[PDB]
> 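I'd like to ask you about the structure that follows.
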Amino acid sequence: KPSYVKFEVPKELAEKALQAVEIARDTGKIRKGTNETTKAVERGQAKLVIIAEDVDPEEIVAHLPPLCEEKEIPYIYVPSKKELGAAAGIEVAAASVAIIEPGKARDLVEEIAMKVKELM
Amino acid sequence: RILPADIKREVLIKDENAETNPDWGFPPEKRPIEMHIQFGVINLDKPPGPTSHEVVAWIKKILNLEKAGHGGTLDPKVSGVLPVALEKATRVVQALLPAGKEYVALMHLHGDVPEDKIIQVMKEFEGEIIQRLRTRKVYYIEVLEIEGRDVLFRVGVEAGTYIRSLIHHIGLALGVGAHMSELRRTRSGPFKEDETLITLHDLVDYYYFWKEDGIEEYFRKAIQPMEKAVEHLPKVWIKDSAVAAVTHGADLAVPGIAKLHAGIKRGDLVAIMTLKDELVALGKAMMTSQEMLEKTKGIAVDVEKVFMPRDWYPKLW
Amino acid sequence: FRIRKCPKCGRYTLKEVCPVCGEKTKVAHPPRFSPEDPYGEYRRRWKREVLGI
RNA sequence: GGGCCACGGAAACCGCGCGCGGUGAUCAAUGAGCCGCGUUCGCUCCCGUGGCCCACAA
RNA sequence: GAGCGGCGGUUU
Ligand SMILES: [Zn+2]
């Protein structure tokens, strides 16, 4: 699996990922697409970054994992860019998503930042 | 899958005793990185988007080059093999502009046609075609895959053939019509899709790895010796004692030749090589391979373009 | 973009699995590049790690 | 005289395309639409200026 | 100045 994919993520952990994104969309505030996602990290607005594992070419998202770390922003990988896209409220796909303002997902997000923390 | 560049050549030996003095000249992998650039050619994988001309202006600004020139101009949406000759090697594109090309093309039919009729109708375009009015060869076409109205195929052609227009004529001959929806150049002369095929991201990153991190290895593999741009041409190899004379604008006389390719005819564009296989000059033959071999006096090659600097070899005259 | 290729075989195909070899295929075209290269610094941070410099 | 090498044989505006910044879309988020800023390589002849050589390979 | 592998239009 892709070289930008910097660690193994469990199925239910990657499921919670979609969940937090699902919720945050309508109760809170997200950004969809690698360009908005990257803006949010640079601007220090993103609470969590979600990256799809099937991004081809890799260069599309490969700057993401190292950018987060510079800004100490937590990020997780999900299996599919189609599934991650549907969660974000668009029909088309999404290489990546930023959860700007959580809402009903406050605990879930806070939970995830903890699990991933251990995988680094 | 055969282009005229692919023909195998036979080396005829003229002077069995000729040897090269390892103290003179710089064969490709004895070239310091800076000298390698000065006489380098990039096998660039052009992205879809920018023009060929813009891409090269990027390369010049980011690599701090004074000069660089591409071969066959690929259109903005077309990706693939774009040779970029650098600095003192710039003028070798004139060896590529005329070489055969190959493309993988995606054709979208405007109406339904049976798979067999497509394949059968497309095979009729091998050989000459017209366009502009001018004529042009299709060396081969192969249909990789068909998916309803989408036909993916490879085609080998002569320089200056428009694939877009070829696809349009294929559309007319099927009745239903067609346009080209995707194009990628997979080959141009001696440049092909091998490990030398390098993207812009890689090109610029290797550069920085060299300039800022002190690692020379990647950038050096990113650049090819200008001799590469000349692999498809017939060659004559000359003795050390003729090389500085040639670089000084002398015509190459029969007594200067050590080895040559078979099958050279008068008028042919020839590469003139040292016995180390450095490129000396491009010239035009004034003799056939058999004449150059049998004779002991006379002008064998008219030296037109000289690439090697005048000081790599001593003035042995 | 639709044109794809085998990383193993070099076959061009529209499919996701090579029909000669069976490997997953990849998009034939190179990523888009821009002379600004806003994330170059971070792409190089990733690429060194991959390469081992 | 001849060969070879270098320089030269236009400039400012507009537009498409593309790229970047901003906004971010009822199947283009691997970026719609819009706004602003950027943005287009050389080669071959031939002619002019200047430099190096006149070397059948010893 | 005339061509090869056009970015397109208007002003001296
Ligand atoms: Zn194969």
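Note that these values count all heavy atoms, side chains included, but never hydrogens, waters or copies made by symmetry. Chain naming here is simple, since letters A, B, ... match the order of the sequence lines and numbering starts at 1 in each.
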> Which part of the nucleic acid, if any, lies within contact of B:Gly71, taking any heavy atom under 4.0 Å across all strands shown: a base, the sugar-phosphate backbone alone, or nothing?
base
> Taking A:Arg31 first and then A:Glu36, would you say they form a salt bridge - that is, a charged N and a carboxylate O separated by under 4.0 Å?
yes
> Would you kindly give the CG-to-P distance between B:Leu275 and D:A57, to the nearest whole Å?
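From B:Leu275 CG to D:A57 P: 17 Å.
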> Tell me the interatomic distance from B:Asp302, atom CG, to D:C56, atom P, rounded to whole angstroms.
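In whole Å, D:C56 P lies 15 Å from B:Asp302 CG.
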> Which residue, B:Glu66 or B:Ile299, contacts RNA chain D at a nucleotide closer to its 5' end, judged by nearest heavy atom?
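Nearest-nucleotide comparison on RNA chain D picks B:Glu66.
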> Taking disulfide bond (SG atoms under 2.5 Å apart) as the definition, give me every residue that meets it alongside A:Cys68, ordered by chain and number, with sequence neighbours left out.
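Here no residue qualifies.
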> Please list, for nucleotides 51-55 of chain D, all pairs of protein and nucleotide N/O atoms separated by less than 3.5 Å.
unit_1	atom_1	unit_2	atom_2	d
D:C52	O2'	B:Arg310	NH1	2.9
D:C52	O2	B:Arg310	NH1	2.8
D:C54	OP1	B:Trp317	NE1	2.9
D:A55	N6	B:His248	O	3.1

> Name the stems that RNA chain D belongs to, where each is three or more consecutive Watson-Crick or G-U pairs with both distances under 3.5 Å?
D:1-9 with D:46-54, D:11-15 with E:7-11, D:17-23 with D:33-39, D:43-45 with E:1-3
> Return a single string for nucleotides 17-30 of chain D, one symbol per nucleotide in 5' to 3' order, where B is base contact, S is sugar-phosphate-only contact and - is none, cutoff 4.0 angstrom on heavy atoms.
BSSSSSSBS-BSBB
> What pucker, north or south, follows for E:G8 from the sign of the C1'-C2'-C3'-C4' torsion?
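North pucker for E:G8; the sign of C1'-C2'-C3'-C4' is positive.
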> Between B:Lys77 (NZ) and D:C16 (P), how many Å, whole number?
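Rounding to the nearest Å, NZ of B:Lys77 and P of D:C16 are 17 Å apart.
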> Counting any heavy atom closer than 4.0 Å, what does B:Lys239 reach on the DNA or RNA strands: base, sugar-phosphate only, or nothing?
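Answer is sugar-phosphate: B:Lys239 comes under 4.0 Å of backbone atoms only.
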> Under the ring pair (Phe, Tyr, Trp, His ring centres under 6.0 Å) test, which residues partner A:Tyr77, sequence neighbours left out?
A:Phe7, A:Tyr75
> Apply salt bridge (charged side-chain N to carboxylate O under 4.0 Å, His left out) to C:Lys5 and list each qualifying residue two or more places apart in sequence or on a separate chain.
B:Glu193
> Could you list the residues that satisfy side chain to side chain donor-acceptor pair (under 3.5 Å) with B:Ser79, not counting sequence neighbours?
B:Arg184, C:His29
> A:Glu22: what forms a side-chain contact (heavy atoms from CB on, under 4.5 Å) with it, not counting sequence neighbours?
A:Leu18, A:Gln19, A:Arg25, A:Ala87
> If you look at every strand shown and take non-hydrogen atoms under 4.0 Å, does B:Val306 touch a base, only sugar-phosphate, or nothing?
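If one applies the 4.0 Å heavy-atom cut-off, B:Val306 turns out to touch the sugar-phosphate alone, with no base involved.
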> Answer with base, sugar-phosphate or nothing: what part of the nucleic acid does B:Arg136 contact at a heavy-atom distance below 4.0 Å?
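It contacts sugar-phosphate atoms only.
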> Will you find, in the side chains of B:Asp240 and B:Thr20, an N or O donor that is under 3.5 Å from an N or O acceptor?
yes
> State whether B:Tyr140 and B:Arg154 meet the cation-pi test: NZ (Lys) or CZ (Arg) under 6.0 Å from the six-membered ring centroid, and within 45° of the perpendicular axis.
no
> Separation of B:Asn17 atom CG from D:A58 atom P, in whole Å?
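Taking atom P of D:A58 as the reference, CG of B:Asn17 is at 11 Å.
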> Provide a list of protein-nucleic acid N or O atom pairs under 3.5 angstrom, restricted to nucleotides 10-12 of chain D.
none

> Using a cut-off of strictly less than 4.0 Å between a heavy atom of the residue and any atom of RNA chain E, enumerate the qualifying residues of residues 84-105 of chain B by number.
B:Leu97
> Would you call C:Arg43 and C:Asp37 a salt bridge, taking side-chain N to carboxylate O under 4.0 Å as the test?
yes
> Who passes side chain to side chain donor-acceptor pair (under 3.5 Å) against B:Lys239, sequence neighbours left out?
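For B:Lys239, the residues satisfying side chain to side chain donor-acceptor pair (under 3.5 Å) (neighbours in sequence not counted) are B:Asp15.
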> What about A:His63 and C:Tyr39, are their ring centers closer than 6.0 Å?
yes
> Taking only residues two or more places apart in sequence or in another chain, which ones pass ring pair (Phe, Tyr, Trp, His ring centres under 6.0 Å) with B:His232?
none
